[PDB]
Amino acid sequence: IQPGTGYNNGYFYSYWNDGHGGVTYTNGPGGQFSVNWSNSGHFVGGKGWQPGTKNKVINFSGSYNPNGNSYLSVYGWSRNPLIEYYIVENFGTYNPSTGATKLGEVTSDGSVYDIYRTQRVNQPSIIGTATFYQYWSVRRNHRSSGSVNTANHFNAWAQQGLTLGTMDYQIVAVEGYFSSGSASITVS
């Protein structure tokens, strides 16, 4: 399937890419999706909710085997203000917080997370080309299955001045940046 959003087997999904090639996104039954990629471009895909909420407890399980630059995250957006956010549970060779401004720490679901804010300028977004902040929680202890109590992150962020607008979609996402890998993830 081509990039798009919609509902599949009861779950919202979003699949986006930069058009390069080298990535196959597949919707499985229930909350399952797979991503297989090799010599990809930049892409983000996964399943979840539209809209997300600020208290959702998100469960994910399966396999995540990146070869290079990739993230596995609870991923979503707010509007008014436009914010792209991540709770990064695992990643490949590149830490997305590299060179980023650290805004605190939070402990949640069995690990410490480091909190960051970054800036995107004239980049793709859920409202088209836009300039926006990104908020990050990066898990210290990598894992490919677990539960994320999102409120712990949103609250810690807010305490540190990283506040959100109205919630748009909220998914468990596999993101890749010009790399290879595989993932098979079930969301609930």
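Quick note: we count residues from 1 along the sequence shown, nothing fancier.
Chemist: Quick one: higher average CA temperature factor, 19 to 27 or 170 to 178?
Modeler: If you average the C-alpha B-factors of 170 to 178 and of 19 to 27, the larger mean comes out for 19 to 27.
Chemist: Based on what the PDB entry reports, which of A130, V44, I58, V138 has the top C-alpha B-factor?
Modeler: Of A130, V44, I58, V138, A130 has the highest C-alpha B-factor.
Chemist: Which third, lowest, middle or highest, does the CA B-factor of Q134 fall in along this chain?
Modeler: According to the entry, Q134 has a C-alpha B-factor in the chain's lowest third.
Chemist: What third of its chain, lowest, middle or highest, does the C-alpha temperature factor of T186 fall into?
Modeler: Tercile = middle for this residue's CA B-factor.
Chemist: Test of reading the entry: by CA B factor among the chain's modelled residues, which third contains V121?
Modeler: Highest third of the chain for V121's C-alpha B-factor.
Chemist: Which third of the chain holds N95 when residues are ordered by C-alpha B factor: lowest, middle or highest?
Modeler: For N95, the deposited C-alpha B-factor lands in the middle third.
Chemist: State the tercile, meaning the lowest, middle or highest third, of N152 with respect to the CA B-factors recorded for its chain.
Modeler: Its C-alpha B-factor belongs to the lowest third of this chain's values.
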